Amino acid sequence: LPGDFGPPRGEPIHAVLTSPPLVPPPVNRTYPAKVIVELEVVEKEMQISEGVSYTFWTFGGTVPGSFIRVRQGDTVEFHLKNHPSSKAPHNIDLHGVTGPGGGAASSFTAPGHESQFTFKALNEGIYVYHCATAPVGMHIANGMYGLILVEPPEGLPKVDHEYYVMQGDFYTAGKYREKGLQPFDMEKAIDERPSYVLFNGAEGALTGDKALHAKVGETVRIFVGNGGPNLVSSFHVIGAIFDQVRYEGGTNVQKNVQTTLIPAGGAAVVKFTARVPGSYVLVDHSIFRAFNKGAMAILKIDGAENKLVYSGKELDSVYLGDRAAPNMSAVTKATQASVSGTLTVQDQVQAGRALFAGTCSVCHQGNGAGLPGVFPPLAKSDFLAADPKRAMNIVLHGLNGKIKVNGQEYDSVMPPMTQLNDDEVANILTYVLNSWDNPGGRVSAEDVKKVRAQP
């Protein structure tokens, strides 16, 4: 067989697993070992987006699950524990395992129980692992996937940084960014119509202050998984190129590409060399996923500009939208204040401030000034002040035709933004009303609900 390096030698190794986006250190070993892997399934509520909760099912408390790193030819003793708070039984199928179900039948584990099985890691490569319990798609859709790396015997080449990024598609009963605890939606899942498509389990998991980091001149290796359950990722780095892309344990290595297709259940190792400073965006280039469903992550590169290579400015909210900022924590706070019944005007203002970026500022500008004759001002806008309800209708339903704002005629078109949720429109408009010498007051989500029900 392949990976024929003999029986385990040395002492048993207890594998140290890491949480995304980090990776365990290189195994740095020239002999096969017995490696004991202990992974615990935990079901728990986490934020899939700001103010939006979801009951995740996780390997090790995170989505994706703990990263496992071993060497080709190791004997792996795999222990799966199912936390007693779990409602469902769980198990594991590891790609790269030689044997039926990738471990599935022997790792079946009821809540409060533990299972174990052993396998030899014959196949070098990066591999998805995932739950394999009926109904399988639900378990995977709830977050039960991660990566296992089986290193070549000599190790991978040294790089400056290694990161762990995994795409998944998620199916909520509610629409994108609709607040509250969102149940899983089987109808959307069967139809392959996800409400969110995400890197590492949440909107903004890898953006803003949670971005990945490197410096100019450094090499970055990223272990990229696609947990699915359903989507194939047109995986792409904005403004950069991959030096190498290698799928699973494949002999083929592609070089110098920017866009690469990762199958559902697939994994790849990609290598990047940072050449100029700024934010490089990892996306699924099925564009509505990246820009309307959350499928964007950032590798932020620090260092000296090189104007001979690129003269332009850093990425901003025109492209990245409301994820250009460090975080959108004001939205979480406003949502929690609504639930508690303590929503203040300032809670709404700060939430709207976060949501205004990109969404409105692309045309109206970050300072509300617009562009005279082309985009009308929201700053000190007589048209806004004159009719707040008309403003709600404008956001939801658009506006066109000749209007007069602060003494100037506009004759253009603002598209409808009907996908904004009632709280989002309310908070945005409350921000605008309380900025730029506008009259203050507030708009409530209930106000917006009524305007949505009858244009």
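One-based numbering along the sequence shown.
Judged by mean Cα B factor in the deposited record, 382 to 390 ranks above the other of 60 to 68 and 382 to 390. Comparing 306 to 314 with 263 to 271, the higher mean C-alpha B-factor in the PDB entry belongs to 306 to 314. Looking only at 326, 125, 352, 294, the residue with the top Cα B factor in the deposited structure is 326. Among all modelled residues in its chain, residue 47 ranks in the middle third by Cα B-factor.
Sort the chain's modelled residues by C-alpha temperature factor and residue 170 lands in the lowest third, per the entry.
Among all modelled residues in its chain, residue 15 ranks in the highest third by Cα B-factor. Residue-level temperature factors show residue 85 in the highest third of its chain, judged at the C-alpha atom. Ranked by Cα temperature factor within the chain, residue 441 sits in the highest third according to the deposited record.
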